[PDB]
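Student: any chance you can model this:
(chains A, B and C)
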Amino acid sequence: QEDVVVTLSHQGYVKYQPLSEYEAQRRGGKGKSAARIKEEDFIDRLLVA
DNA sequence: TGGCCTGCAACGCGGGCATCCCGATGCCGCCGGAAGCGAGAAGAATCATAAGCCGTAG
DNA sequence: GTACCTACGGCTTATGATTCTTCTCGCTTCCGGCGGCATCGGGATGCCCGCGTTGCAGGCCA
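Tutor: Numbers count the residues shown, from 1 in each chain, chains lettered A, B, ... in the order given. Below you will find the coordinate block:
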């Protein structure tokens, strides 16, 4: 099974990681220190299968 | 340990109100294209019909 | 001295036939596509003040 989530970035990077690790990394608030970068990358598409 | 949310205070701009100009649009009439799947034809998966050898018997 | 046939049963290997599935054509008609006009709801601008926005400092969070 290996329940994972597939996240596609805006620059075209595709990858997946298990749902447990994804929920563990999701814990906490996103720091605006990285948001000050106008050339960063963000998630474009998300799906769980 | 570094950074983020929020309270307090000061500043500014747009929401609301109306209307004049404006842009879509519903309707009417004339013209275009695609769908319509039904049917013909081809390719492929599956089913049907022979042997080869395993070892004692003739 | 020196080889040559099938019967009893199970799994494969080689080849043709059959039906399922899919590729491709059929013109036509109906649903739609498109041009034009009166209409009706909408956007922007004039104006004000009060709420939205923002600077600064404090306490809390990852």
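Student: quick check: residues of chain A near DNA strand B?
Tutor: Residues of chain A lying near DNA strand B by C-beta under 7 Å from any atom of the strand: A:29, A:31, A:32, A:33, A:35. Backbone N, C-alpha and C define where each C-beta goes, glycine included.
Student: how about a cut-off of 6 Å?
Tutor: Contact residues, chain A versus DNA strand B (C-beta under 6 Å from any atom of the strand): A:31, A:32, A:33.
Student: quick one: buried ones out of those residues?
Tutor: In the residues of chain A next to DNA strand B, burial by neighbour count holds for no member, counting by 16 or more other C-beta atoms under 10 Å.
Student: could you dump the residues you listed to a markdown table with secondary structure?
Tutor: As requested, these are exported to a markdown table (DSSP: H, G, I helix; E, B strand; the rest coil):
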| residue | secondary structure |
| --- | --- |
| A:31 | coil |
| A:32 | helix |
| A:33 | helix |
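Student: just the CA atoms of stretch A:10-29, as PDB, please.
Tutor: Output in PDB follows, covering the C-alpha atoms of stretch A:10-29 (Å, rounded to 0.1, in the frame of the first residue of the first chain):
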ATOM      1  CA  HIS A  10       5.600  25.200  -9.800                       C
ATOM      2  CA  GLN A  11       9.000  24.600 -11.300                       C
ATOM      3  CA  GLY A  12       8.100  21.100 -12.400                       C
ATOM      4  CA  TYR A  13       9.500  18.900  -9.600                       C
ATOM      5  CA  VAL A  14       7.500  15.700  -8.900                       C
ATOM      6  CA  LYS A  15       8.000  13.500  -5.800                       C
ATOM      7  CA  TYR A  16       6.000  11.700  -3.200                       C
ATOM      8  CA  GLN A  17       6.400  10.900   0.500                       C
ATOM      9  CA  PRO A  18       4.300   8.800   3.000                       C
ATOM     10  CA  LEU A  19       1.300  10.400   4.600                       C
ATOM     11  CA  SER A  20       2.700  10.000   8.100                       C
ATOM     12  CA  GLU A  21       5.900  11.900   7.200                       C
ATOM     13  CA  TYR A  22       3.900  14.500   5.300                       C
ATOM     14  CA  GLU A  23       1.600  15.100   8.300                       C
ATOM     15  CA  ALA A  24       4.600  15.200  10.600                       C
ATOM     16  CA  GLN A  25       6.400  17.800   8.500                       C
ATOM     17  CA  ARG A  26       3.100  19.800   8.100                       C
ATOM     18  CA  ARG A  27       3.000  20.300  11.900                       C
ATOM     19  CA  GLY A  28       3.900  23.900  12.700                       C
ATOM     20  CA  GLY A  29       3.500  27.300  11.000                       C
END
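Student: no further questions, thank you.
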